[PDB]
Each structure stands twice: as C-alpha cells, then as structure tokens.
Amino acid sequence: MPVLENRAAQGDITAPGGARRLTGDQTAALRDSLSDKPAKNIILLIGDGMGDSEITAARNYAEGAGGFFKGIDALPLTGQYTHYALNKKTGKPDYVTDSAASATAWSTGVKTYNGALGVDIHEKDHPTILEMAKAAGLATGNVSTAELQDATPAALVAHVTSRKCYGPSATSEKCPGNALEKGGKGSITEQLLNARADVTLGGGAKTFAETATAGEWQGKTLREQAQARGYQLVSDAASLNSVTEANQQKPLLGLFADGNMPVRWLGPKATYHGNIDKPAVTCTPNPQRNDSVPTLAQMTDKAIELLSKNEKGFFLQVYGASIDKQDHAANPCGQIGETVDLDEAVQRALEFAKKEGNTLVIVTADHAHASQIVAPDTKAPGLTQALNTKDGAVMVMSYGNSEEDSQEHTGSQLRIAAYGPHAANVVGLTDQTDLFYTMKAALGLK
C-alpha cells in the first residue's frame, strides 16, 4: 500500500498547472490503498488542538503554502470527524469538547462530559482500547509530550470523574469516589501504574513524588511504588536508549520533565494589533530546551522498536500536546513548532508501517482551536502576529475568541487521516467514537 509520496506544488505556482499537487489520476492508487485484512499493529497519532487551520498555518510557515508535510500530509485516506461532547446533566450535545471527553470518546467508544476520564455521563467506567489490547496479548504503548497525568494519555489507563485527579491529594479532594482510601480505583497516576502498559513516556514527574494514602504501597511515593513493581524508570534521552526490552516483567516508564515537556520553538506571544504595530516574526530554537530531553519522534522511535518485539502485535498512541497548549497561549511559533514536532513523529510511524505492511496508522486531533490565518493588513479585535514564512512572504495569524489569559477550543469538525488496513473507515463524515470501533475491529478485539 502506497503512502502519498509527494503532494507539494509540482512546479511554478504562477504558471498554469504549476500549483497542482496531483500528477495524474488517483483512482488506481486509491483502490490499492484499500485493504480489509486484519491490522496487527495500530499507531494512533494525536495532535492536540490540531484543526485544519493549525495544519495549514504550520505547512504555510515551515514548508511554504505549496509545501507538503512528509508525515502529516502523506496519508492517503482522509475525512472529517465530529468531536462534540455531552452536557453531564442533560445528555445533550456540548458543542465544544475538552481533551478529557474527546480522548474518552476514541479510547472508549462512548461520549461523555468535559473533564471526564474513562467514564460515561453516569460516571460508570468503560474499558479503553489500550486495556483491551493488553488483554488480547498485544503489547501497549502510551507516549505524550504533556504531563503523563494529562487527559489524553490518562484516558487510556485511568477512570476518574474529573481530569484534575492527578494524584492521591487531588483525588481525595475532587474525586472522593475514586480515592483509594475511599474504596476507589485511585488517582490517575495510581491507575496508570496498575494499567501497566509496556511502554509509557512523557512528562509529569512531579506527581510521582506524592505518597499513596492507602493500599499495598501506602506511605511510599508513587515513584517508589513504580520501582517496587518492577518498572524501569528513565529520565532523559541517553537513559531511554539504554533500554533493551519492555514488557510485563519490565514495563518502561519515562519521566522527562516535572510537568509538560519543553516546546521546540521560541517566538513572542501574539498581541493586539500585533500584525501592524510589531515586526514580522521569525521563529527560533527554544533556548530552554536541553538536548537531553527526547523529542516526540525520538520517543515514538524507541517505542515502536520495543513494542514490535511482540509477535501478537502492539497498540501505540502518540500525543503531541503542546500545539493546543501554545494555541491557548496565543503563541504561533510555539504552536507551529509543536506541529512540526508531531509531523516528525508521524514520519517515523508511517515508515515503520510502510515496511511492516500490517499496521494501521491514524493521524488526527481531539478538537479544533482558536488560531486563524488571516490577511496581512487585518485589523482584528484579538491577538495577532505577522510571520515570515518559508515562501519569503508574511503570514498573519489571529487569536480572537477570548478576552482572558487563554484562547479557547472551537467545535468545528476536523481532519482525520489514515494509512493501512481498515484505513477506509476514516473517510467521509464520521464521529470521534467511530474511531474506537475502527481500532477495535481492525485489531479484532473482543
């Protein structure tokens, strides 16, 4: 099955046919991309807040308008899906979801309320695709640039009523019903340790410094619990490489930062009348990011290699958190840089899949976001910034949906794209929950 080799503009964009991305008819090549054979592996890549506009802005800046993401843009089967959440009290649609509800949706197959992790609107637990994978004998991986306790990674391993229940302290106070000392399954972190995925890599070391309030590991910090349970812990890139295997006897746990992992690019925050009162911006490397912090692609690399040892097959989720976070912060360089970061991850996934031949790879976002690409002389009410793109032309981005310190999600349907066995089930209009069922059937779970 072919990945889209090259869909950059094919010539002189000012000349007839110069901006075409197609070189000929696609029918045959699409037919060739459609298999219903069983998937042995799935790699699900999530870019948080990566709506169609975030992809465009990032392509525009880093690859040029007629450029082409070698990962993100290279998946043959594309569609649009809906990620609306629910009002907890009414059961009716809540048109703009948070990470919690949407991640719960694709990892569980049931809609839920903003803030909910692995539970429906009645607070009843539902099994996650990762838990099911592990039970079928599949190897499991969970990779994240956010705190590991954050909604998206957490949704695969924890069941709680609020996403705020990082550790024992927060749980006892906000999810009393989940608190270990109250007869519940426990905090997000405690539940993560129980879930015992083969590979788990992200930030969020801070919460492992808490002590459990009850259970076999009462009195001991969550970190020591992990150690007492046979987890290999690594804290940087070098130590990550030293790892040789990863399984139920020696699960891998990577903690690469206190909270969220550092972002790659630095640029000023967008600003009111920024495009007209402030110079065009060119992004730069983040000085606060040490080489020894692994990159999403580097984590994705190591996970694929460790997980693929498993003959039955593996399931892996790759989560680029800070597109969304930088979008919230109205920071275009931060936001574009993390989109570029995800694209590298996708490339590693795509080329593994391309050689193995029985791997379904999926790329999407949890929901849309604020950033808009607007005309250079725009006079907008929100925060704006002008950027010098690879094309040698300025692009203006606008963030205009919040007066407070944080720009807001949007509810627009958005792109989902796939390559490999069962990738068809992503085409046309679908819903976020269909995704859970697509993965379930592909791996032949249950």
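Note that residue numbering begins at 1 and tracks the sequence as displayed.
- The stretch 244-252 shows the higher mean C-alpha B-factor when 123-131 is compared against 244-252 in the entry.
- Taking the mean C-alpha B-factor of each stretch as recorded, 409-417 and 37-45 are not equal, and the higher mean is that of 37-45.
- For the set 367, 220, 88, 111, the PDB entry puts the maximum C-alpha B factor at 220.
- Within the listed group 79, 230, 202, 334, the record reports its top CA B-factor for 230.
- Ranked against the other modelled residues of its chain, the C-alpha B-factor of residue 98 as given in the entry falls in the lowest third.
- Ranked against the other modelled residues of its chain, the C-alpha B-factor of residue 343 as given in the entry falls in the lowest third.
- Ranked within its chain, residue 432 lands in the lowest third, by CA B factor from the PDB record.
- Split the chain's modelled residues into thirds by C-alpha temperature factor. Residue 162 is in the middle one.
- Residue 387 sits in the middle third of its chain by CA B factor, as recorded in the PDB entry.
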